[PDB]
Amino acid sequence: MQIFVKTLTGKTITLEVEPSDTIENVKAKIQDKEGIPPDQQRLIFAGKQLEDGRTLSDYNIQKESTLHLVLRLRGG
C-alpha cells in the first residue's frame, strides 16, 4: 500500500509500505528518499505518536493514510 508523509514545510513523501512494516522501517524508508536520519524523525498519525517497534496495522494505518513528520531536535 501507499502512505503519505507530510512535513510542515509542505513537502509530501510517498512511501510504499505494508501493514506489517514497523514504524522503524517507515523511518528508514524516509531516510532512503529524503536523507533524514530516523533518530531525528517523529512520526504522528491522527494526533498520536508512533512507537518504533509497533506496526502500521497496529495504529490501524491503512491505504493512503497521511502521516506527519516532525523533526526531533539536537543539542550541545
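Each residue number is its position in the shown sequence, starting from 1. Heads up, when I say rigid core I mean the largest set of C-alphas that superpose within 1.5 Å between the two forms.
Exercise. Please indicate which stretch deviates more in 6 other deposited structures of this protein: 64-72 or 17-25, judged by C-alpha RMS distance after a core superposition?
Key: The answer is 64-72, which departs more from the shown form in 6 other deposited structures of this protein.
Practice problem: Tell me which of 6-14 and 61-69 has the higher mean C-alpha B-factor in the deposited entry. | Solution: Going by the record's values, the stretch with the higher mean is 6-14.
Quiz item: Hey, what third does residue 51 fall into on Cα B-factor, ranked over its chain?
Solution: Residue 51: CA B-factor falls in the highest third of its chain.
Exercise. Name the third of the chain's ranked CA B-factors that contains residue 32, choosing lowest, middle or highest.
Key: It falls in the middle third of the chain.
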